[PDB]
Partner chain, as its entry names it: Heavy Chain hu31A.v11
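One chain follows as structure tokens, the form solved without the partner chain.
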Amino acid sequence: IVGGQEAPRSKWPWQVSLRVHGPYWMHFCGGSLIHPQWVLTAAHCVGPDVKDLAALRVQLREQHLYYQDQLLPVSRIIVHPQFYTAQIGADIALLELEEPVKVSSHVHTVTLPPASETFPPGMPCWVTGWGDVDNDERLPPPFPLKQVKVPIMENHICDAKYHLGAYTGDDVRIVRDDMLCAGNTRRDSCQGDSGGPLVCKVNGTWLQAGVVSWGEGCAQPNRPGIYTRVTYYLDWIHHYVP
């Protein structure tokens, strides 16, 4: 997370960390609990290449990475069949936990938005995660969960911004309709935040508008952060999550 601050311990009860087996169970991507037995994340964290379930674990909401891990096994990984790269799109995936979660006050699911919610500029949104605090700059121990308020922008503007300082024809789409843009040169998501959630407080309810996906660097001019647009994939999510 670029800019922003360490999260209070009562906020973002839906945030998860994905761990890969190695010299230790290392954080590699974020995710969000959207159902007591299901985690929403980005496909580029787990695909397009199929990997071994046994080597993956999920850690639930934790103020400091690694401090008091309670790692959870995954029974299923479900990656959107349309996914190949983040720029092409469909950067979304689901993890079915071996067992449902004992939902607490410290840990619970985030609400998915109605298909109608567009998240227009002006909505108050936050992105959270344990990723780099800037380009090539790791989150320092003891790895607190971070949050940053980010401005949302309409897709046509974000797409046009990406063509500034680039060879790509203005008529050639860069930011697709299944994506959503947010951030500026001081507030952004970054490497390690991938898969994590962008949430917006709508009518008193925090809704997950997006999934940290990609961008050119972090907090770079005319290169806002790009998220997978959750509303686009409600149909797909509902094939699997009750």
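Numbering follows the first chain given and starts at 1.
Averaging only over Cα atoms, indicate whether 96-104 or 158-166 has the higher B-factor in the PDB entry. Result: 96-104.
For the stretches 182-190 and 64-72, which has the higher mean C-alpha B-factor as given in the deposited record? Higher mean C-alpha B-factor in the PDB entry: 64-72.
Criterion, highest CA B-factor; candidates, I77, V133, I88, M153: Among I77, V133, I88, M153, the PDB entry lists the largest C-alpha B-factor for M153.
C-alpha B-factor winner, where the candidates are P121, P113, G129, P142: Comparing C-alpha B-factors across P121, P113, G129, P142, the top value belongs to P113.
Lowest, middle or highest third: where is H44 by C-alpha B factor in its chain? For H44, whose C-alpha B-factor we compare with every modelled residue in the chain, the answer is the lowest third.
Ranked against its chain, the third holding the CA B-factor of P197: As the PDB entry reports it, the C-alpha B-factor of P197 lands in the middle third of its chain.
Would you mind ranking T205 by its C-alpha B-factor against the rest of the chain and naming the third, lowest, middle or highest? Within its chain, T205 is a highest-third residue by C-alpha B-factor, going by the deposited values.
What third of the chain, by the recorded C-alpha B-factor, contains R138? Highest third of the chain for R138's C-alpha B-factor.
Place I237 in the lowest, middle or highest third of its chain's C-alpha B-factors, as listed in the PDB entry. It falls in the top third of the chain.
Here the subject shifts to the form solved in complex with the partner chain, a form of this protein not shown in this document.
Is the gap between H106 and the partner chain in the deposited bound form 4.5 Å or less for some heavy atom pair? Judged by the heavy-atom cut-off of 4.5 Å, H106 is well away from the partner chain in the deposited bound form.
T118 within 4.5 Å of the partner chain in the deposited bound form, heavy atoms: Heavy-atom contact with the partner chain at 4.5 Å: absent for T118.
4.5 Å heavy atom contact, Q37 to the partner chain in the deposited bound form: Because a heavy atom of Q37 falls inside 4.5 Å of the partner chain in the deposited bound form, the answer is yes.
Would you check, heavy atoms only and a 4.5 Å threshold, whether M123 touches the partner chain in the deposited bound form? Flag for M123 set to no.
Decide if the three candidate residues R57, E96 and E99 all line the partner chain in the deposited bound form, where lining means a heavy atom within 4.5 Å. So, yes: the whole triplet contacts the partner chain.
Is any part of 54-79 within 4.5 angstroms of the partner chain in the deposited bound form by a non-hydrogen atom, and which residues would that be? Read in sequence order, the residues that approach the partner chain (within 4.5 Å, in the deposited bound form) are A54, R57, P73, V74, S75, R76.
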